[PDB]
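Given next are two forms of a protein chain, the same chain in both, each as C-alpha cells and marked structure 1 or structure 2.
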Structure 1
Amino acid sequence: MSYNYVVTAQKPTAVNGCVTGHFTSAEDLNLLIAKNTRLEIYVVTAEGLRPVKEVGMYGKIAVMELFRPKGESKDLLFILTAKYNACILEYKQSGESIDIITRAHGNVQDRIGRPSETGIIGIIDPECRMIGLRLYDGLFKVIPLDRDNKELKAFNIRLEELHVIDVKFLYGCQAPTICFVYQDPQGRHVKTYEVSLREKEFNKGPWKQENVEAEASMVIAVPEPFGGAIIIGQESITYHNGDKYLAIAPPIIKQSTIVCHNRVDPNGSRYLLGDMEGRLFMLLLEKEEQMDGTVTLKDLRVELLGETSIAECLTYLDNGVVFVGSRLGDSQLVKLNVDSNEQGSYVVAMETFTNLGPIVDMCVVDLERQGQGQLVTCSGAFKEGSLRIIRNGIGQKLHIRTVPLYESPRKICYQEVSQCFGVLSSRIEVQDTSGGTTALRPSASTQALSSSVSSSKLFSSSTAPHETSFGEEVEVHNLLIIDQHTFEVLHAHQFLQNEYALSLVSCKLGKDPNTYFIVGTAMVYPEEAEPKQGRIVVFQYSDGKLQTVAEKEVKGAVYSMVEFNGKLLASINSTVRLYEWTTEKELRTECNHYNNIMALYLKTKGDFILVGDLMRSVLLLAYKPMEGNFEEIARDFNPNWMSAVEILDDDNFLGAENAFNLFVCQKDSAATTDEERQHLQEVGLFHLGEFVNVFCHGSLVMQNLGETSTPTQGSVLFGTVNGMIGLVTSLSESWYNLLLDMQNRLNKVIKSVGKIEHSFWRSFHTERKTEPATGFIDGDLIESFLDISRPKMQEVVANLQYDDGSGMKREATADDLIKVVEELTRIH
C-alpha cells in the first residue's frame, strides 16, 4: 500500500567515540573516529590527519577498542553495535585495494535482561585475554580469545552489584582483574573482582570495599608501575592501590563536571580531562622513587589548560596535539604549548571540523527567489549554539555558513515581508548573590542592537518566590529578530522569569493584512511536575520596532502551534484548541478536543489535523466548518513514543519513534464497520538509527518544471540529533517492487562489515515488537550500487526482467539500472 524511499543527504557529523593506535600498520599512528554508523580512519602525519578509508557499518557503534593479542603484527579492532552485533575487525591492504576483514562475528543479545542505565560498556584485558561487556543489569558477559578454537563461547557471569556505573580492567595483575564503581542504598562504592575463566565466576579482589563521593562517575586504571585506579567525582579525585589512598578537592573542578579523560604518557604521569563547560584540565601523577627501586605515588595536581569545544572524547595524538570530539559543537584539533598566551591559556586551536548536529529545528526558505532553498538550522547547544545556512551546490556539494550565537537556539521561522528570521533561544544565567542573575558570557541576546523585556503582570505573586539559592543555573529565553543578509541580532525581546518559549509562528490571522510573530510559552518551575500556566504573545516587527500586539493566558503549556486557514491552532498540554483573530485584535476560542495525553506535535493539510502524542502515537482530526468542532476521524492504537510527525499525503501520515524508527500510518479504506474506520493501519516500518527531531517539506535541488512523471513524488527533509539530514519521498508500486527486488539481490553481492545482515539492521525494533522492514527502501544501499565493480553489477542483473517503460518486462541490463539510480541520486 505505502511505498516510500529514504536517502541520506548529509552523513552524521557528531562524534560518539575516538580511539588511537596502530591499526593500518605497526609503524603508522592511526586515529579512529566513530560517528554513529560511520567509522573513519585517519593517519597522524606531518601534513595533518590524512584520511585513509571511511567505512559505514550496519549498526550504531557503541563500543570501539583496539587490542593486539600475541602473534599479531598490528592491532585488531572490536566493535559492538547498539543492536549487539559484536565483531572483531582486521585491516588488510592489498596494493591499492584496502579491505576490512571480520576475524570474528556474532550477536550477544540476551532475550532476558534489563539494560543498564549507564549504557553499554566495553573493556579489554591489557594482556588481550578476554573481553568484558556490561549490557544488562546483574550480568557481566565475557568473551575468551582462544586463537585456535573456532567457537568463541561467550558466557555471562552473575554480578551481585546491580547498579554498576563504570568498570575497568586493571593493569599489572597476574590474573584478569576488574575495578568498578556501583551504587546502592548506602551510597557509592568501589570494588574489585578477579576473573577466573575456567570456573566462570568472580573471585575476591586484592582491594577492600569503600565508600566514595556520591558523584563518582569515572574510573581510570593507572598503568605500571603505579597500578591502582583513579576515581573522578564532582568535587574530588582519589587514587587507590592496595591500601594507598590519596584525595584532592580543588575548587576549580567543582565549577563543572568531568565527562572525559585520556592517557598521554604510557607511564600514566599526565592525564587529560574535559568538562561540560568546555574547560580542559591536566592531571599530573607525581612519583617519588625509593632507594629500593619501588615507585610510590606522591601526589596529584590539576592544572587548567584552556577552553575547547564541549568535549565528548579526547585523544592525545603526538607532539602535544590533542583531538577534541564534540557532539554539541565542532570538533577541534588543539595544540598544547610550552608557554601560555597573554590570557594564561596553553591551548591553541589548529583546525575545526564541521558538526551540524544536534539539529533542533529548521526551515526551508528561498533567499534568492531562484528556486534553490537554503536550509536554515538551529544547531548546537549552550556556547556552541549557532545557525547553519546549508546551501546545496557550489557557488563538496553542501556549503555551510555558520552564525555563532553562544546560546542554545530552539525554534526558527522566516517572515518574508520583514526580511528577517524569528528565532527562539535560551542562555544560562546564575543567580548572583545580589539577588539577580548574571550571564556567564556575552551572547547574541546581550549584544543586541535594540533590546526589550516583556512587561506583563498576568502572573501575580500568588506563587511564592521559591528558594533562589545562589549559584543555581537558570535559563533565560529571548526572541531574536535576525536580518536575512547580515544575520545581525536586530532586536532581542526577553521573556518573563521562569518562562520558556516553546513554539513560534509567523502568519497572518483572519482578514487582518498585517503579519505577526506568535509565541507560545510556559511558566516552568523546578518542583512542578507539569506546567499549569502559559501564554500566547503576538508580536509585530515593523521599521525595526517590536510591538507586543496582544497577549493571552492559557491553562497549560503551548507545546506547538500552527496557522490553520486564517485561524490559530494551538496545543495546550492535553488539549488542542482553535483560536480566532477578532477585529479587536484578540484571540477567541472556537473549538476544543481534550482527548489526548500530551499533544506535542501538530501538522495540517486542508481541513485535516495530524496530532502526535507523547506516548499514544498518531491521531487524525478534521475541522467541521458547518458545525465548528473537531471530528476524531481515526487514530493509531500502537503505543509509540513520538518525536516528530508529518503528512506526506492526504492518506499517508509519517512519524518518528523514540527508538530511532520510522513508521507510516494509513487510513483504513477497507473498513466496513464504523469501528474499523477508527483504526489507523501501519504500512511502513524502518530502523533509521537516528533520533529525528523535525520534518519540513522542501528540497535543496532546483524544482524541475514539467517533470510531473518523475519516479519520486513529494519531498520531506528531516534533521537528527547526530546532524544527519535525510529526504523522504513516495513511490509508485511498480518502482517499489522493482527496487525491493533489487535490494535483496544486492545483499547477496556486497559483504557487510562485521557480517551483519541488512534485513536485521533495518528491522523495526522497539521494547514491544520487532518486525522486518516494510514499505521502505534504503536509499543508501541503492546508491552504493554505482560504486561496485562492473562484473559485480552484472551478477545482480542476472535472470531479472526489467520494464523499459512500455508496460512489459524484458531481460534487464546493468546500463538500464544505471539510469534509474542516476535519477534517484540527483533528487538530493
Structure 2
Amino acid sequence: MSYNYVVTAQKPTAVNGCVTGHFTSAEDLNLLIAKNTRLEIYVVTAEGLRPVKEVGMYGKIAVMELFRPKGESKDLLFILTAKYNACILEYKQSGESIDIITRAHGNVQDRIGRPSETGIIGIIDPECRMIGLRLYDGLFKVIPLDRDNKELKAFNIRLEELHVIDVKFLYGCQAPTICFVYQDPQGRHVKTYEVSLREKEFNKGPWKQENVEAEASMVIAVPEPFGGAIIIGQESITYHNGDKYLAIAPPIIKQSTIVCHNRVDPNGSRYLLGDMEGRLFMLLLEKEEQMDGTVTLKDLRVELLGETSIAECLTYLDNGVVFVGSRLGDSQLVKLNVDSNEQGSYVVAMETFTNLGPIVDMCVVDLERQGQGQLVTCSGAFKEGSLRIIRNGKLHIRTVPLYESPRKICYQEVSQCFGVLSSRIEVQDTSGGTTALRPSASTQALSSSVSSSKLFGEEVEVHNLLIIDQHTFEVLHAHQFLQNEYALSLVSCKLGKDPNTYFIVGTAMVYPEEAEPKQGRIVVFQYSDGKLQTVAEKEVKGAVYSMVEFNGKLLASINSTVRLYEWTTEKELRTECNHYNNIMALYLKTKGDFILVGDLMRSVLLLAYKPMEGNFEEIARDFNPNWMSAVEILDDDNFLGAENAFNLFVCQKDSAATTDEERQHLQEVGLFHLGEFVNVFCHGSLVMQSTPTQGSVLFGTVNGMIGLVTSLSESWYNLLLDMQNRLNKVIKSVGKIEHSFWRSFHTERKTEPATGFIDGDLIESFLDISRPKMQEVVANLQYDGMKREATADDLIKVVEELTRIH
C-alpha cells in the first residue's frame, strides 16, 4: 500500500574507474570512465577529451578491463558487477548508429562463501588466455577464455593462503604465472604460482617465497624486458625478479601512503604514483644493457612531481596530459612540464569536472525566484570540501570552496546567512599548541572568536561554526569551539514567545580514553549587527546526537534518552520531559505530533506527544538487524529508509488493526535496490509550483547522485507496473542483465523481489525507443471512464506528464 515512484535528477559524478586503449577504433585512442552505474567513452585528441558514448548498466561496475584476444581487430571490454554479473562487450559502429553488443554474459556467484576483506579483484592474463577472479577467501576462480565460451563457465582452485593482500599476473612467462602478496602470523610474504588449465591446478612458480616488508600493500607487474614485480609499501619500494632483488627507502614518501599507480612508458621505464594527501610522484627504473645484449634493471629513483586533487586512479593519455579522477574532489586534466615553475610544481592544471559527491548534508532554499526552489549541499572532504548551489536551468551548478571539511548546514532567512559546521586538521606542536596546514575558510574570516573554557606530531580535529553571506558567499564570521569537543547537530529556529532567531548547536566532549563521551553542551548563538554572540549555554551528561524544533519546543537526543526542553522568558533551557530508550537515538524526525527515532541497526521507533499528560507514549516499533543510513517520513503512515547493500525500504503502520499487538507492529511494504548509499533526505522540489503525484523527497548519496521520490495512486501504480513488465521484453539491456534481478532487494543472506517501487528511469526510457517498438509495447493493453484499448499517444502523454515533475 505504498505505491512509490523513484527517479534520478542528477546522474552520479564520482569516478571510480578509468582505463585507456584502442576501443572504438584501432586508429583511435579511447578513454573509458566508469562512475558507479554509468560508463562514458571519450576520444582523446590534442584539444582534450571529446565525448562519444555514454551508457547505463544494471549494476555497480566493480571491475573493468580491456583485452585483445588473438584474431580481433580492436579490443573488447570486460565488466563485472557487485552482484557478480560478468560480461564481455564489443563496440560496433554501423553508419551513424552506435551500439554495444554483448559478446558474452554470465553469473559467477558461488552458493556458499564469504566475500574477502580486501574486496573483489579481477585480472586478465597478458597473453589473453584466461580471466582470474578473487571473490571469496581461500578460493581463486578461473574463467577459460575461448571464442566458444559464451556462457562463461568458471572453475575454482583451492588457495592455501587465506589472507591474500594483492595478486597480479606477471609478464614474459612461459605459462600463466601469478605473483601475490599475502599475510600470516609470521609476517607478510610474496609467492608465485603457475596455473594449469588442463589439470585445473597450481604448480610451483619460478622463484620461491621471499619475506617482505611488514607493510607491503601494492604490487605492480613490470612488463618486458625487465619482468618481475615491484612491491610498494609505506617505507620502501622493492623489486623482485627471482635471483635479483633491489630495494630503496626514500625519505620523501614516508609522509603518506601511495594508493594508486599507472604505467607511462610502454616498456615500463617510468611509472606514476599518487598518495592520499594528493601528492603525485614519478618512479623511474634505470635500464642496464649488461654485456651480451640482454637488459636488466639497475636502479630505482623517486621524484615528487607535485600536488593535485585527491587521486583515486591515475592515467596518462599523451604529451604529458594526465587525467586524475577523484572520489572526493573534482577530476582534472593536468600537464607535466619539463621545467618547474617558480614554486617548483611540475603539474599545471588544464580543466576540471564537476563532482558533487560525497554529499554529507543539504538544504532547500528559495533565494530569489520566490516560486522555484534551489539546493545547497556540502560536498567534498579534506582540502576538497565546498558548497554547491544547484538550480534548474540540465542543472546549473555553482561552487564555493572552503578548503576544509563541512559537516552540516542550515538556512536562517531573517539574517540572510548560512550557518555551517566545519572541521579542519591541525598538527600537534612539539613546543605546545597546534599548527595549521593551509589557509582554510575558518581562519580567513573577517571576525573570529573562541569559546570560553569551562570545567608529538599527531593530527587533531578543530571544529568551527561559519556564518556565510547568502549573496556573495563570503565568510562573514567564524567561531571556534574548545579542545576535545565535537559538534554534531545544527538547527535554526525560534522558541516559545521569543521573536528572535538563533542557531542551536549540540556538541559532545570526547577524549581518546573512553568509549562513550559522557559529557556535552548545547549552545544557543545569535547573529546580528555583523557580530556573533553566545546567547545561552547548557551542559548535559552525554552527547547530543540530533536535535529538532518541535511545536515551539526543543527536542534532543542525549545517548539513549529523548528529552523535550521548553524556552523560558529568562532565555534559558528548562527541562520539560524525558523518555528513556534502549537504543541510541541517532536519527530524529518529526511531523505534527509524531516522532520517528532510529539507530544505526535499523531499529525504528514511533512516539507521540500527549499535551494532557505532558509525556511521550510509544506507538509502534520495528527491530530487524541490519545497517541503516537514513530515515524520513513521507506521511502519517508511511516511512522511508535506506539500509545495507544500497537498498531502499518503506514501512507502514496499519491504523485500523483489530488488536493491540497488530497495531503495535510496523509492516514492511516496500523494497528496492537503489544501487547508491543514500546519505541525506530532505523535503522540497526544483520546479515551479490536482496532480497524479503527491509529495516530493530529495535524497543525496555518497557518489554524488541526487534522487527524487514521490507517491502514487493504486491505479497508476498498476498501469506503470504493467508498462514496466511489457518494456522489459523489448529493451536490449547491455550485458543481458534482467531488470528484476538488478532491482531485487539484496543482502548477504536474503534476497526478495522488488515490490512497491516503480523505476522512474525505465519508464522515462519509453520516449527514446522507435515508434514501431512503441506500438508493439502497447499491443493488447487497456487504459482509461470506460477502459479501452490503449494507444501509444496516451502513454506518451502520461510519460511526459510524469517527467515534468523533475
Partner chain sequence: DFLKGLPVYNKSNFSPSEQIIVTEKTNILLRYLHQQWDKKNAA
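By rigid core we mean the largest C-alpha set that fits within 1.5 Å across both forms. Here, a residue number simply tells you its place in the sequence of structure 1, counted from 1.
- Matching the description of the form deposited without the partner chain is structure 2; structure 1 comes from elsewhere.
- Among the residues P639, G606, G242, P115, the single one whose Cα moves by at least 2 Å between the two structures, once the core is superposed, is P639.
- In this overlay on the rigid core, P526 has a C-alpha that sits 2 Å or more away from its partner position between the two structures.
- Once both forms are overlaid on the rigid core, the distance between the two CA positions of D148 between the two structures is 2 angstroms or more.
- Relative to the superposed rigid core, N592 undergoes a CA displacement of at least 2 Å between the two structures.
- Taking the core as reference, the C-alpha deviation of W207 between the two structures is 2.1 Å.
- Per-residue C-alpha deviation between the two structures, core superposed: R369, 4.6 Å.
- Once the core of the two forms is superposed, the Cα of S309 has moved 1.0 Å between the two structures.
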